[PDB]
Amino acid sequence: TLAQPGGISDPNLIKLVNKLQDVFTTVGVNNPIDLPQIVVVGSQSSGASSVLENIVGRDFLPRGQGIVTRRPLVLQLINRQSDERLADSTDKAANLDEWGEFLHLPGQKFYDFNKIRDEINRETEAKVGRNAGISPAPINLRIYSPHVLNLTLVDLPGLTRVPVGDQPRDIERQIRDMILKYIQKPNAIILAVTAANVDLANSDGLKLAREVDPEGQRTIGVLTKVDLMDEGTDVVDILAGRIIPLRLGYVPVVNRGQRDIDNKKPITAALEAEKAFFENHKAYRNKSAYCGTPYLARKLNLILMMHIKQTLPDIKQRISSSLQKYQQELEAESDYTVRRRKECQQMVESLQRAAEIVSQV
């Protein structure tokens, strides 16, 4: 189950959105909650696909050596309330409440997230072959679950310097222009991913994020590969804010190495290895709870909570002003007058009830 306390699929965050959708319906608004997209951006092989996969909480994105992500993967998470059909699933988490559908495969359902991964590899090769070609044409994936928000996440090819295989001379500009399409949207949280085993000032993720978000208002820095740093080096000076500071700060993570991927090590054991690495390192033992994938998921949870609560002032205003109106209108008699007193009274009670639910956030 993709339910994960603390993260973007925190049960309380789902409960909050359902409660507000019930309020909006009774007060007569189409739900105005506009959740930002989450977009990962960095140099090629910074570990972007692994960071995005960890936020979703189940494996489905191709990860490996060489050039892997060669088309945008636009994932729509869609909230949907709810056996032989899982005969020869290889996915131990596979269940009838959660599946994927690809736009390019109408009516096919993937309960097995390994098959989602296989399909992303196949659809990539169908359009751009097996010699490093890249296309801006997105692969559109929807994932249905009772435990997710209505939210878009984007995985993107990494920025490169040197064309390989079938890539043209100007591949760097083409990947730069493809990425700007997704992060120029003011409603986009930019996860600027940089490998900790390169100097931060070489980060293409940070350079691009600073071009479109110079105030650093929707950019979180992610430092991958902290386990691969030269002995006695660390990212503490970056976390302490002394080097390219970001308003929203940086989170160091340790994802699976290529040996873990080849050994098919599961996400849960990878999360436990990451906790142990940070609790046992001299330099990260201090405030170790601010290290790792769970802290990045928490940062995102809080931003998403700020977006939902950002709507309440406007709503409190509309509730009280329509409450005042019906109370004034509410000052033997005709079929009209009796019916209208009843409708106005039913309305007053809903707006009281709505006002109560909004106060208790």
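Note that residue numbering begins at 1 and tracks the sequence as displayed.
S.K.: I'd like to know the size of any gap between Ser82 and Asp83, counted in deposited residues with no coordinates: none, 1 to 3, 4 to 9, or 10 or more.
M.R.: Unmodelled stretch: 4 to 9 residues.
S.K.: Does the entry skip any residues of the deposited sequence between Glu331 and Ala332, and if so, is it 1 to 3, 4 to 9, or 10 or more, or none at all?
M.R.: Gap size class: 10 or more residues without coordinates, per the record.
S.K.: What stretch has the higher average Cα B-factor here, 204 to 212 or 180 to 188?
M.R.: That would be 180 to 188.
S.K.: Look up the CA B-factors in the entry and say which stretch, 99 to 107 or 273 to 281, has the higher mean.
M.R.: Per the deposited B-factors, the answer is 99 to 107.
S.K.: By the entry's C-alpha temperature factors, tell me which of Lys316, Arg70, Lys299, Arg63 sits highest.
M.R.: Highest CA B-factor of the listed options: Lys316.
S.K.: Identify, among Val41, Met306, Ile38, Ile55, the residue whose C-alpha carries the highest B-factor in the deposited PDB entry.
M.R.: It is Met306.
S.K.: Just say lowest, middle or highest third for the CA B-factor of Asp237 relative to the other modelled residues in its chain.
M.R.: Lowest third of the chain for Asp237's C-alpha B-factor.
S.K.: Taking the entry's C-alpha B-factors for this chain, is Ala126 in the lowest, middle or highest third?
M.R.: Its C-alpha B-factor, which the entry lists for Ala126, ranks in the middle third among residues of this chain.
S.K.: Within this chain, which third does the Cα B-factor at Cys344 fall in: lowest, middle or highest?
M.R.: For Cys344, whose C-alpha B-factor we compare with every modelled residue in the chain, the answer is the middle third.
S.K.: Once the chain's modelled residues are ordered by C-alpha B factor and cut into thirds, is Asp260 in the lowest, middle or highest one?
M.R.: According to the entry, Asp260 has a C-alpha B-factor in the chain's lowest third.
S.K.: Sorting the chain's CA B-factors, does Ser288 end up in the lowest, middle or highest third?
M.R.: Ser288: CA B-factor falls in the middle third of its chain.
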